[PDB]
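Heads up: the structure comes next, in structure tokens.
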Amino acid sequence: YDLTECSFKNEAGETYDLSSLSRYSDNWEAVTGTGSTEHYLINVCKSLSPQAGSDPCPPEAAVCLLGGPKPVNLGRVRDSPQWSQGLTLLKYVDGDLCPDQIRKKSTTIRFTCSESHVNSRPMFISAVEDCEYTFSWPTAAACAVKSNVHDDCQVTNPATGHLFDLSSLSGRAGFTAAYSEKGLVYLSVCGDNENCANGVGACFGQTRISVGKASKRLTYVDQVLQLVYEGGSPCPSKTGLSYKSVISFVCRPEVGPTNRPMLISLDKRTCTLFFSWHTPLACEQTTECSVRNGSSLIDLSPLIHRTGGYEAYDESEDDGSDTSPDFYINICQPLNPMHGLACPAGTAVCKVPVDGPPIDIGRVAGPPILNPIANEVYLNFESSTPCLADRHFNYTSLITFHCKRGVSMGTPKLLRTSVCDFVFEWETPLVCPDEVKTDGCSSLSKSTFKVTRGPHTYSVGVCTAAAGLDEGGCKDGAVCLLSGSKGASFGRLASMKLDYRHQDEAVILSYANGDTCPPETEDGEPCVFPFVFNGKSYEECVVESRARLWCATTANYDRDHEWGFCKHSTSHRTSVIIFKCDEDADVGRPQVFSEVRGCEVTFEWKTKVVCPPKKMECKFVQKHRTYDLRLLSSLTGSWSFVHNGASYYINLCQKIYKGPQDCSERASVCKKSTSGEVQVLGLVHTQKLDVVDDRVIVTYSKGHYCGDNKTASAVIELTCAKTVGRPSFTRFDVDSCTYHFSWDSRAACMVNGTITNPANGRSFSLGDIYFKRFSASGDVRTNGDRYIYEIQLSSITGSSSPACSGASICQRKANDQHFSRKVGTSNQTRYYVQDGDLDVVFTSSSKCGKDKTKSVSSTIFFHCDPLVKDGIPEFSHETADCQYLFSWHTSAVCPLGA
């Protein structure tokens, strides 16, 4: 890899830095189609990082294909990445030669500027077997590298938006960078210096030669912060010039984090002091957020918020108003602050209670780790600011990842808030193992399309026959070519009906085995058809004035005379139609994404008809109150409560299914103008959720243009009461087309026997798991440490293995006559009622540990998921080895939740 610069210059006077994705430890695994036995370990500007696993890729491979047979070199790094055809292309050549047996395998990366997800992986688009691979990489490091200057220590990155704050080095004591011991430079950043005069940035302070004249004008270029300190002392050797101390701030991992500013060079020729610095502050973090379990890459990358973090919920049996801003979580980067939020540098998980200092309860320890026993992934967060007990130099925070299928990525929830460890559980569909199968399509087979890019007009259609009548060439072809020669079948209709991939929010759909793609070459160069030769438009190879069937390598011989003998392989035409989601049009227009040899068509079909509901998440928590409105969530149809001639159908936590016709039903709330056109309120993305003064801010913008610059966005009020409250239609402003509406909701604000929760004075069904007639059906086991634990639920009977006295939970290392543990004793047990969970607990039965006398409260949680159909639990984590916590997903748990 003769060093290729990972940056280039555009024709329109822009520059692009893709070096923010050169990974050296653990190279990028491509996002392939769901149900692939092939894996693509690629690396952007470097020949692959040693993937010491069993036989790796050849040492000079930059892009490489794993899975089934040997790793095949897909190409090494030839040149720097180029701007070509409107995208950012990066070309690898010199792979392990294909069935063509002339060309070595090549790969093109298509980088695209996107601030959508923080760690975006190179996605898999086209698999043509003839030496060509195309990866779409919709990263954030593919945007133009612009310089942002700000008037304090807080400066932004205009490309990505990651914060840059040297306010953690804002102290007038300063820092002693050292050259060769004649002078020791007392320099300070973002403030004044200790060992020198008023308003000084840097000096060697035995004589106090002030170089700095300090200000907070922090500028920034492509992951390099720099402070500018001009207007210093004059120069003894040369012309009166000003002394200046401009300090560079690079990123580094944690090896000696806050060490010396370390003067690297001093200019006596032109009177400059060049200070380095190696920070964890100037860094959009090099913390890889992927785990490797054999074949699959179980990843947490798209769970990272770009403009802050996650409003979580604390679980504690209490009487309080529940501390509404109490937690803010990030996964594999620190937080980004906001109005009413300030907690210090490298805070991964923050905590902001009432009368709240900035307490950091977590920082990123390392990559996410899976328990190989169960199906859940953990992340553990150590800290520097210590526990209220000072035995440890940290507040510890752990997050548990259980599978919860659907499309709602969800909010993290904190469980029972323990002594010195905050153990959160986040239910995401991203943990669930990948399984979609080939059944649905229907709604986009009603029309065929003939879209062109260049001389050739590709005639495509999904789930039906494309061009049979137009040319007569392809009767079975779902994707065909209209050049006027014939229907060139790019793939059979029943050959493939390919299905979803996750992080693109797109459905890849391919066809193949239709017709032999043009492979005609003697030197690798393919021949483009029809060429005009001897005044003849030749659609195939021709024996004219030469020995073998031979082709011209241009769309004309007679002008260029660029030729060679044909050698046709057994390679076939292959189509790809990628169903990217967009809000633009129901029926999108699929344009040609890419093209190679005329052997591959690719279609970015920007549809609205095949991509998920993507309903508003209605768990927000703010201003000393919790809010979860899943009882107003109306699944099929909606409420109708507007008079004076209008069909009101409101969606919260939802879209509208079974709405009134001649409207945008799917989008949002719609209302009738009687015997005319029907009026929508707003769209799928526009549902803002905050609250002011016992009135939730719930609105629907960008629908019903009453004019073209201002539209109908209805501010609705909602208060909580004991009873279900009947709705009422409120007035509206004509000035701003802002409607109002009234609503009242409930949830806007001894376990022995069958379960009874007197919230409305109602009992429920526990007897399917309570085990009153089952002897040893509750004995479960999950691996915690070398010391294996064991749980039985709420049936005081049997005493199968231990001498454990009158307890439900007896945690045994498969030890039978020994006193295994005496933890889950059933002398007295209680629980309390939360809106989406319950906390069944014990109290004060059997002591352990350091004898605080109140450390016996083992907690079990039962989620509101009737989908499991049978209960196999895990154990979550320990509380000082005597009161524990673990979760259990069960079918018959949750009442009064719609």
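Numbering starts at 1 and runs along the chain as it is shown here.
Cβ coordinates come from backbone N, Cα and C, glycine included.
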Disulphide partner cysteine [Swiss-Prot] for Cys289, chosen from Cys235, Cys332, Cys343:
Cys332
Disulphide bridge to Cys848 as given by Swiss-Prot, partner from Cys864, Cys882:
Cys882
What is the disulfide partner of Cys618 among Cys581, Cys599, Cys653, as given in Swiss-Prot?
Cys653
With reference to Swiss-Prot, which of the candidate residues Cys6, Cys64, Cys98 participates in the disulphide bond with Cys45?
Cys6
What's the CA to CA span in angstrom from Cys737 (disulfide bond) over to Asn709 (N-linked glycosylation site)?
12
Taking 3+ C-beta pairs under 8 angstroms (sequence gap of 6 or more) as contact, is the domain 'Fibronectin type-II' (522-568) in contact with the domain 'MRH 10' (4-145)?
yes
If we check Cα distances from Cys441 (disulfide bond), which of the disulfide-bonded residues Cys153, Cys350, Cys541, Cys618 wins as closest?
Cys618
Sequence gap of 6 or more, Cβ distance under 8 Å: name the residues on the same chain that satisfy this around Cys517 (disulfide bond), in order along the sequence.
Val128, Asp130, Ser571, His572, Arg573, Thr574, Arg597, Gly598, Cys599, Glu600
Compare the C-alpha of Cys720 (disulfide bond) with the C-alpha of each of the disulfide-bonded residues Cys289, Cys343, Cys463, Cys864, and give the closest one.
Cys864
Across all protein chains in the structure, which of the disulfide-bonded residues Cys6, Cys45, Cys350, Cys653, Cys749 has the highest Cβ count within 10 Å?
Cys350
When a 10 Å sphere is centred on the Cβ of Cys343 (disulfide bond), how many other Cβ atoms does it contain?
21
